[PDB]
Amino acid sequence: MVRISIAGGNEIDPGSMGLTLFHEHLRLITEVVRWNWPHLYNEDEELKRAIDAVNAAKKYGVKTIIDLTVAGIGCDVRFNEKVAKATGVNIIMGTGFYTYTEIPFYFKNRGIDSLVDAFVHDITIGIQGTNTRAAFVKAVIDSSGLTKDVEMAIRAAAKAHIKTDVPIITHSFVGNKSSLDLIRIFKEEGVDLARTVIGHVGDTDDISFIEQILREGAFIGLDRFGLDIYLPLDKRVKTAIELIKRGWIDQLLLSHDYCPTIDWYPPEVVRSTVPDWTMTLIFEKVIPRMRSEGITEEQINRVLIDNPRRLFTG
């Protein structure tokens, strides 16, 4: 019976997560830039935008949000504690190393075990000197594919899972075979695929490619609703309805991947280009369209409540 730490250092367990967004962000920032140039940032605005987004989701029933911000994209327990105390929403945190190409010389010179030990420390003792412990581990691969450093960080995630039993939630890229690289590696390391999510699969509507992942037994992340560049909304909704009609409902997870702040781009170019991206679009637009095509209220609850719960049990 698993105990899930939440920001603030209380615990809950899989059965009490309730209605959950399994992949979102509160603040996505680049550590080396914020450390060195704090004049480029405004902590009061960042906190306000995050509290606003999380309160909007809370209005539609969200009890638990899983924050996918790990090392390399600005993981910050203390910032998350403030969001949690202001909103009353449970925030689940994780560990891992986010990169598409390289890892730090710190870990290249010491090897895979030093990275595994850092993740195992966050999972068993606490993130960043706190008693909030990581409840999952992340692995990342994108359009550069499987570089050596990427392969190391993915295998480290797999090994931390093997030691601690926390699930693995991933980031992949549908424009190459990266999702299948993740599957191969996890199988080489003995990971039970039912404890993993292959991420960002919602970015494609190619049913045959999706089913080739689903046949391995993993969950899939239909997890960027609202980011149309990628795959427009109408195709994302259509794909989710079709996968449910074809029998796959127990392997589906939904989310928006919302970033109330993301430092990678100026904010104006993001607001102009994906103006519908929020942490509530699944409630305002996706779920009504699914219901009006015959998806049941219970089927929605299975996806948004049971599937996350089951990811975190077994």
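The first residue of the shown sequence is 1; numbering continues from there.
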Taking only the CA atoms, which stretch has the higher mean B-factor in the record, 17-25 or 292-300? 292-300
Would you tell me which stretch averages the higher CA B-factor in the PDB entry, 183-191 or 93-101? 183-191
Among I207, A157, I73, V197 - the residue whose C-alpha B-factor is largest in the record: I207
Among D257, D67, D276, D263 - the residue whose C-alpha B-factor is largest in the record: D276
For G221, the third of its chain by CA B-factor is the lowest
Within-chain third of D203 by Cα B-factor, per the entry: middle
Would you please rank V33 by its C-alpha temperature factor against the other modelled residues of its chain and give the third it falls in: lowest, middle or highest? lowest
Relative to the other modelled residues of the same chain, rank the CA B-factor of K235 and answer lowest, middle or highest third. middle
Thinking about Cα B factors across the chain, which third does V270 belong to? highest
